[PDB]
Structures are given as structure tokens and as C-alpha cells.
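sequence, then the experimental structure. Questions to follow.
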Amino acid sequence: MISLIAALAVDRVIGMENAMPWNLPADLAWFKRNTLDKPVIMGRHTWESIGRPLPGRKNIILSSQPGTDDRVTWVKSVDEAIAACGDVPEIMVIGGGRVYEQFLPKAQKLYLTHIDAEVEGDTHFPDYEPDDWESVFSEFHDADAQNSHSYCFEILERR
Ligand SMILES: NC(=O)c1ccc[n+]([C@@H]2O[C@H](COP(=O)([O-])OP(=O)(O)OC[C@H]3O[C@@H](n4cnc5c(N)ncnc54)[C@H](OP(=O)(O)O)[C@@H]3O)[C@@H](O)[C@H]2O)c1
Ligand SMILES: Nc1nc(=O)c2nc(CNc3ccc(C(=O)N[C@@H](CCC(=O)O)C(=O)O)cc3)cnc2[nH]1
Ligand SMILES: [Mn+2]
């Protein structure tokens with residue numbers, strides 16, 4: 001099945017100038033935990049902000065342009081990206097904006113982190129139809145010494 005994983009601040013903001021303004025060590029631990037040993041699909045911009053292959057996962061990048069690093073897999077369309085994953089139980093789509101928009105309809109599960117932070121950005125998470133989704137897991141956390149804002153980890157399943 002296909003799942004989307006993402007961190008959103010106020011207003012569904014997900015990035016600004018090809019980067020994520022905040023720093024939340026706990027959220028990144030959660031991201032790694034949920035994606036390790038699974039294939040991750042990302043768009044070219046995202047590949048670029050990340051700057052290197054994510055270890056322990058098959059990294060698949062979507063680009064209309066030919067590949068430029070053999071350490072990852074390059075695909076030119078959504079169907080090929082999905083076929084490149086092979087037979088696995090869960091495929092993780094990691095963004096960015098344009099790529100989330102294209103996979104949303106095909107996704108059965110969303111792993112969202114809501115962050116209490118007001119950031120002015122240029123990329124947003126798609127505006128999905130709440131009706132259609134069921135929250136099956138929620139876990140709130142106040143801010144602390146290592147994490148600058150409070151956040152909520154949530155998992156939705158398409159009804
Ligand atoms: N907070 C989060 O959880 C989170 C997660 C991911 C990203 N982000 C952020 O989001 C921004 C990057 O998002 P973005 O929307 O600018 O770009 P993106 O979605 O990472 O990348 C867009 C690109 O990927 C390729 N692509 C997408 N769909 C394709 C398709 N169907 N066939 C072929 N190529 C396709 C195209 O590359 P070519 O131009 O080479 O065709 C397109 O320009 C950043 O600020 C990043 O920091 C945030
Ligand atoms: N919940 C969530 N938070 C994010 O920050 C996020 N970021 C992306 C894309 N950007 C990035 C940027 C850096 C790393 C990264 O450095 N990850 C390391 C974690 C380090 C640790 O495990 O403590 C990794 O191995 O996953 C991942 C995605 C996609 N979905 C997200 N989803
Ligand atoms: Mn159902």
C-alpha cells in the first residue's frame with residue numbers, strides 16, 4: 001500500500017525556499033522510524049534539499065530529467081516510481097508538495113506531524129478531504145529542551 005509521511009506547520013506549510021525552517025529532533029526520529037527498511041519516493045526538489053541518500057531505504061527520485069547519481073533510483077513517472085518499488089507492503093512517499101499532490105489519491109495512510117509553528121513558506125501540503133480519513137493514532141507532545149515547539153504525531157487511514 002502507499003502512504004504519505006510529512007511534517008506540517010501552521011496553515012499546512014511544508015517548506016520554504018527548499019528547506020524546512022524548524023528543527024525538531026523528535027520528528028526526525030519518528031520519520032526515520034516509520035520509513036526505515038521501506039522504499040521512499042521523493043521529488044527532485046526534495047532530493048536536493050536532503051542532499052544525500054537516506055540509508056537503509058531504497059531511495060527513488062521522480063524527475064523528468066535523466067539521473068545524475070547512481071546511488072539512487074531515478075524514474076520519470078508515478079507508475080514507474082511505484083513499479084520500481086517492487087512487491088513490498090508499504091511504500092513511503094516523502095514529498096515534496098507536487099509529489100504529495102499526485103500520490104494522495106492513491107494513498108491509503110497518512111503519517112502527519114502537526115507542528116505548532118508559524119512559518120511563512122512557499123510549499124504546502126495538499127488540502128485533503130477530512131471526511132475520508134480516519135485518525136487511528138494521535139500523540140501530543142509539549143515543547144522541550146531539544147524541541148522548540150509542541151507537535152502532534154498522527155496516523156490517518158482512508159475510510
Ligand atoms: N515538511 C515535510 O514533511 C516535507 C517533505 C518533503 C519536502 N518538503 C519540502 O518541499 C519543498 C520541495 O517540494 P516541491 O514541491 O518544491 O518539489 P518536489 O515535489 O520535491 O519536487 C518536484 C519535482 O519532482 C519531479 N516530479 C514530480 N512529479 C513528477 C512526475 N509525475 N514525473 C516526473 N517528474 C516528476 C519534477 O522534477 P524535474 O524538474 O527534474 O522534472 C518536479 O520538478 C522544500 O521546501 C522541501 O523542503 C517538506
Ligand atoms: N514527519 C516528517 N518530518 C520531516 O522532517 C520530513 N522531511 C521530509 C524530507 N526532508 C528530509 C530531510 C532530512 C531527513 C533526514 O535527515 N533523516 C534521517 C533522520 C536522523 C535521525 O534518525 O535522528 C533519516 O535517516 O531518516 C529526512 C527528510 C519528509 N517527510 C518528512 N516527514
Ligand atoms: Mn473502512
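Structure's in. What do you need? Numbers count the residues shown, from 1 in each chain. Ligands and ions are numbered 1, 2, ... in the order given.

so is whatever helix or strand residue 99 lives in next to ligand 1?
Following DSSP states H and E, one finds residue 99 within helix 97-103. Yes - shown here: helix 97-103 in contact with ligand 1 (C-beta under 6 Å from any ligand atom) through 97, 98, 99, 102. The C-beta positions use only the backbone N, C-alpha and C, and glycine is treated the same way.

from these, pick the one nearest ligand 2.
Ligand 2 lies nearest to residue 99 out of these, by C-beta to the nearest ligand atom, at 10.2 Å.

tell me the contacts of that closest one?
Neighbouring residues of residue 99 by C-beta atoms under 8 Å, 6 or more residues apart in numbering: 41, 42, 43, 46, 62, 93.

which one is the second one nearest to, not counting chain neighbours?
The spatially closest residue to residue 42, leaving aside those adjacent along the chain, is residue 94, at 4.7 Å (C-beta to C-beta, 6 or more residues apart in numbering).

the one you found contacts residue 5, doesn't it?
Yes - contact between residue 94 and residue 5 holds when scored by C-beta atoms under 8 Å: they sit 6.0 Å apart.

quickly list what's touching both of those two.
Joint contacts of residue 94 and residue 5 (C-beta under 8 Å, 6+ apart) are residue 35.

in helices only, show me the contacts of residue 99.
Using DSSP state H, the members of these that fall within helices are residue 46.

and residue 106, backbone torsions?
Residue 106 adopts backbone torsions of phi -90, psi -10, taken as degrees, to the nearest 10.

and it, how far from ligand 2?
Look at residue 106 and ligand 2: by C-beta to the nearest ligand atom, to the nearest Å, they are 17 Å apart.

wait, that residue touches residue 4, no?
No - with contact defined as C-beta under 8 Å, residue 106 does not count as touching residue 4 (9.6 Å).

which one's more surrounded, these two?
Neighbour count, other C-beta atoms under 10 Å: between residue 106 and residue 4, residue 4 has more, with 24 against 13.
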